[PDB]
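Starting off, we have a lone chain in the form solved without the DNA, written out as structure tokens.
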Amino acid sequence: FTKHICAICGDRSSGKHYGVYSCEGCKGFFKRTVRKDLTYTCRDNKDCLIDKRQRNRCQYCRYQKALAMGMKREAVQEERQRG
């Protein structure tokens, strides 16, 4: 968005992580998740009420949101390019 709020949780973004305005928690979290190629769950339905309140504890839903917008998953493998 104009004001670079974190596309996922509405936090202040640090940069366009994986091509989308994102915050530090999300930066690392998404990287970890993708590199490991993990999946999670939350104590809510898939349509979890994602807002500022939902800290990075809400891994699953943050990941769903990231995927929904379409964070450039592949870019996570940058450091994995051990040429």
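One-based numbering along the sequence shown.
Another form exists, deposited with the DNA bound; not displayed. Remarks below refer to it.
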{"item": "4.5 Å heavy atom contact, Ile5 to the DNA in the bound PDB entry", "value": "no"}
{"item": "4.5 Å heavy atom contact, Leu67 and the DNA in the bound PDB entry", "value": "no"}
{"item": "Any non-hydrogen atom of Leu38 within 4.5 angstroms of the DNA in the bound PDB entry", "value": "yes"}
{"item": "Partner contact for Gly19 in the bound PDB entry: the DNA, 4.5 angstroms, heavy atom", "value": "yes"}
{"item": "Sequence-ordered list of residues in 18-41 near the DNA in the bound PDB entry, where near means a heavy atom within 4.5 Å", "value": "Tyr18, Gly19, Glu24, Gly25, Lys27, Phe29, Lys31, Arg32, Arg35, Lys36, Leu38"}
